[PDB]
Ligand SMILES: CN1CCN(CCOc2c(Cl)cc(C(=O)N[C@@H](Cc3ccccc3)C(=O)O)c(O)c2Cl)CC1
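Next up is one chain by itself, shown in structure tokens, the form deposited without the named molecule.
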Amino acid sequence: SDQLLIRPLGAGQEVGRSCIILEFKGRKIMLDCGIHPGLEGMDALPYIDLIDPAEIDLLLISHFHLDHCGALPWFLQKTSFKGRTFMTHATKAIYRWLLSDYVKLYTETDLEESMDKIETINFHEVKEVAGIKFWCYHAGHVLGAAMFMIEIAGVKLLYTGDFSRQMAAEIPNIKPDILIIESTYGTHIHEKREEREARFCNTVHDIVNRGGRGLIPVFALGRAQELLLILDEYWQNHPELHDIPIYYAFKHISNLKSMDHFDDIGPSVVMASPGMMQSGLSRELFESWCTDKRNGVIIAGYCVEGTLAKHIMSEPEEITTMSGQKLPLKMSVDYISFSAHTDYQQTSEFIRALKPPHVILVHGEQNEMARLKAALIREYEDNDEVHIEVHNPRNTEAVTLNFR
């Protein structure tokens, strides 16, 4: 029998800095290498100290979001890592653009110097490195997102990275022995898409109707363009809103460039990034509008601990200006999901289709992940013909499996 070891260095019982180590029959693989959106500098990095970069044969990146590849430039240009790295074409493209803008660990120089060290891979195409065969499936979630299936000595493991089944994620016909899957939404169930878009539109409407400024923080394109389509349509069907502008930083939406390139007048809707409001325009606008109860913000994506958007949802009496000033939070705050992750029914169905004897949960808040684990254990705790062990390792903790 051969022993297989899986160990999160990031995203273990948390969302952020996804980086999971896999060790089997002499090979070592790293799955993702991102940073924690809610942490600063070196503290926002996975615990790559526990390992020797030089011993990593393969590095696979699921998608372009920062919590999955935010720390790559650093890893590639500042450690003893001399292995091979792979991404899908689109992922790599958006990588340079996205990580660059992130540069407001490494520098613009390092990023451009890592591009050469990153190989691309097409979907449904088998690649081989050090006796490790791998290929990817569409993950849904975002453009270019991939779920890597890995095979070593006949043992197969599927890593979902981040995925959605609502472009929908493919369900592999090839059954893996091990499944590493995201736990973002835990046991939550997503509300009907139509009810979601209606509540989103009615909330935006309420804000501008009372003379308010409505802020909609969004990232690169995790749903940005989709929301613009929803609002524009709604505006078309409501002539009484034609004089209320909608800016994006279509027939009713105009593009904005900066807080210095737009007039902040009467009621309006402004969709700006970053989605989690740590800095940038979304944060500046929030700081300029938070004291007026007529205004409102609508968080349309999942927000990691440590971020302003997440804190705002706790409905604090006051907020902290980037400059350190204290401002009262009077604008309304609403949360309507559009982050594109699977909910419990979708995760459950995915796992039921593949029936992996071993399921390893990552990328989920501790408590959310614990309920998912329990609910999954409960699902197969009844039938004795399907044995599935669910693991929820903390960062640094290893899961050990023996094969053959």
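Here the rigid core means the biggest group of C-alpha atoms that line up within 1.5 Å when the two forms are laid on top of each other. From 1 onward, residues are counted along the sequence shown.
In the deposited entry, the stretch joining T291 to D292 is continuous, with no residue of the deposited sequence left without coordinates. Per the record, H89 and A90 are directly connected, as no deposited residue between them is missing from the model. Just going by the entry, 64-72 versus 41-49 on mean CA temperature factor gives the higher value to 41-49. Of the two segments, 318-326 and 302-310, the one listed with the higher mean B-factor is 318-326 (C-alpha atoms only).
Which of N173, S268, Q77, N122 has the largest Cα B-factor in the deposited entry comes down to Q77. Of the candidates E284, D260, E151, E240, it is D260 whose Cα B-factor is highest according to the PDB record. When the modelled residues of the chain are ordered by C-alpha B-factor, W135 sits in the lowest third. For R394, the recorded CA temperature factor ranks within the middle third of the chain's modelled residues. Remark: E195 belongs to the highest third of its chain, ranked by C-alpha B-factor as recorded. In the PDB entry, a CA B factor belonging to the middle third of its chain's modelled residues is recorded for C33. Ranked against the other modelled residues of its chain, the C-alpha B-factor of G222 as given in the entry falls in the highest third.
Same protein, other form: the form solved in complex with the named molecule, not shown, and the subject of what follows.
Site accessibility, blocked: after C-alpha superposition of the site, the named molecule as positioned in the entry with it bound shows three or more atoms within 2.4 Å of the backbone or C-beta atoms of the displayed chain. Remark: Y102 counts among the residues lining the named molecule in the entry with it bound, judged by a heavy atom distance of 4.5 Å or less.
Shown alone here, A300 lies within 4.5 Å of the named molecule in the entry with it bound, counting heavy atoms only. Put simply, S164 is far from the named molecule in the entry with it bound: not one heavy atom of it is within 4.5 Å.
Within this chain, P46 is remote from the site of the named molecule in the entry with it bound, having no heavy atom within 4.5 Å. Contact with the named molecule in the entry with it bound, defined as a heavy atom within 4.5 Å, holds for exactly one of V204, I181, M277, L157, namely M277. A heavy atom within 4.5 Å of the named molecule in the entry with it bound is found for exactly one of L215, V218, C136, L72: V218. Proximity to the named molecule in the entry with it bound, taken as heavy atoms within 4.5 Å, picks out 33-41 from the listed stretches 374-382, 51-59, 33-41, 354-362. Checking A130, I230, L143, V155 for C-alpha shifts of 2 Å or more between this form and the one not shown, after the rigid core is superposed, gives a single hit: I230. For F219, a C-alpha deviation of 2 angstroms or more is recorded between this form and the one not shown after rigid-core alignment. Here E315 does not count as shifted, since its C-alpha moves by less than 2 Å between this form and the one not shown after the core is aligned.
Superposed on the core, the two forms differ at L241: its CA moves 2 Å or more between this form and the one not shown.
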